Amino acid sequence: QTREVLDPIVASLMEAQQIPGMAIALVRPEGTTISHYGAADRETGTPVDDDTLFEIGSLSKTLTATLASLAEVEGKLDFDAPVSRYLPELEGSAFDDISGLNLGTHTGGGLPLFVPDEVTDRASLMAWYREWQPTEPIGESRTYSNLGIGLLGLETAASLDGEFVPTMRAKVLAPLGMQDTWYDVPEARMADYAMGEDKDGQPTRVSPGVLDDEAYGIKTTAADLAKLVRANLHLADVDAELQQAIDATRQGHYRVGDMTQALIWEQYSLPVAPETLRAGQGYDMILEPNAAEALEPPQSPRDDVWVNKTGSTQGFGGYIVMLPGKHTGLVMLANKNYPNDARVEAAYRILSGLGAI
C-alpha cells in the first residue's frame, strides 16, 4: 500500500542516519495512518508506539503562532499594533515599533536567535527587551528568532489575560483533541518519553530555559501533530474561530528569496525543487539575516504550495510538510537530530511516491 511506499524509505533513512526510532503520520482524505519504527530509547530498546513522546523543539513555534492567530480572530490581539500596546512594561523601547506580526514572521528588527545567558527569568528578559537596539530594518529583514516567537507568546498570553501553557491547552490543544501534548511531561508518562540521541550518538534530553514553552518546549506524539495538520488541511471538525485562526497562520506575509514566510509556517509555490527546500533549512536562511519583502498583493492561504516546518532539539529531529491542494500532510518525528537535508529528501521521496507531488 501506502506502507510499501513509506516503509523502505524510512528503513533506508533510519539506517543511513542511524536514527533509533521514528513516528510518522500520513494525513490524507480517507484518513490518517500512523507508523512507528524502532526504539524510543536506544539503551533500553523499548519500542516506539502510540504512546511515545518526542521532543519537537522548534516545531513548537507553530502552536505559538496558532494561539496568537486565535487571539487575533477573537479581536483581543491586533497583529499590526506595537507589541508594547499589550506589554506596557516595554513602552518606550524598540517594541513601540515592532508588531506581533513581525514577531510571528521573524521580521522584528534583527531580534537575535538565542536568549542571552544573562537573561535568567521574566524580569531580566523584559529588561533586556527594553535595552535592545534593532540591527536590521523592521519588516524588511528576516532573522530566525527564539526571542521573537517567545515575545509573541508573552504578547498573546497578556492579550488573552491568561498564562501561556494553560491557555494553549484550553484554547488550541484540547479543542484539537491533542491530549498527548505536553510542555512538562507528567511523572506518569515518563516511561513513554523517548530518549534523544545527538549527532555524536550520545543520550540527550532537552533542558528547561527562558521562553522554553513559547519557542521549543513541546513533547508530543506524531498522532497529535497530525490533528493540527488535519485542521490545517480542512479535514478536521473544528470550531469556526479556531479554524479561522488556523487558516490565518498560512497567510503569506513576506517573500524571502524563494521562500514565503507565513505565520511561522514556511511555504513554496509548486512545483518546488528539493534543492530549494534544502536551502530553506540551511545556514544561509537560518543563521543570517535575509531580505524580506512584505506581500501587498496580499495573499490568502494558498492551495498550490508546499508548506513546511522543521523542528529540532539536540537529540530530536522533526519535520512537517502540508500540501493543501492535495489535502495531504506528513509528520516525521525522530529521536535523533539528523540533518535537515535528509529530512527534506525523505519527505519529498515519500510524498512523490504516494503521488501527491
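Think of the rigid core as the biggest set of C-alphas that the two forms share within 1.5 Å after superposition. When you see a residue number, it is the position in the sequence shown, counting from 1.
Item to complete: With the rigid core held as the alignment frame, decide whether 295-303 or 59-67 lies farther from the shown form in 5 other deposited structures of this protein, in terms of RMS C-alpha distance.
Response: The more displaced stretch in 5 other deposited structures of this protein turns out to be 295-303.
Worksheet item: Which is higher in the entry, the mean Cα B factor of 199-207 or that of 268-276?
Response: Comparing 268-276 with 199-207, the higher average CA B-factor belongs to 199-207.
Practice prompt. Take the C-alpha B-factors listed in the entry for 98-106 and for 160-168, compute each mean, and give the stretch with the larger one.
Written response: Per the PDB entry, the higher value belongs to 160-168.
Item to complete: By the entry's C-alpha temperature factors, tell me which of 240, 287, 154, 248 sits highest.
Response: In the PDB entry, the greatest C-alpha B-factor among 240, 287, 154, 248 is found at 240.
Discussion item. So if I compare the CA B-factors in the entry for 291, 63, 48, 320, which one is the largest?
Written reply: Across 291, 63, 48, 320, the entry lists the biggest C-alpha B-factor for 48.
Fill in: Cα B factor band for residue 334 (lowest, middle or highest third within the chain)
Ranked within chain, residue 334 CA B lands in the lowest tercile.
Practice prompt. Please rank the C-alpha B-factors of the chain's modelled residues and tell me whether residue 299 sits in the lowest, middle or highest third.
Written response: It belongs to the highest third of the chain when residues are ordered by C-alpha B-factor.
Discussion item. When the deposited Cα B-factors of this chain's modelled residues are ordered and cut into thirds, is residue 311 in the lowest, the middle or the highest one?
Written reply: Lowest third.
Fill in: residue 67 by Cα B-factor - lowest, middle or highest third of the modelled chain
Lowest third.
Item to complete: Can you work out whether the C-alpha temperature factor of residue 189 puts it in the lowest, middle or highest third of the chain?
Response: Within its chain, residue 189 is a highest-third residue by C-alpha B-factor, going by the deposited values.
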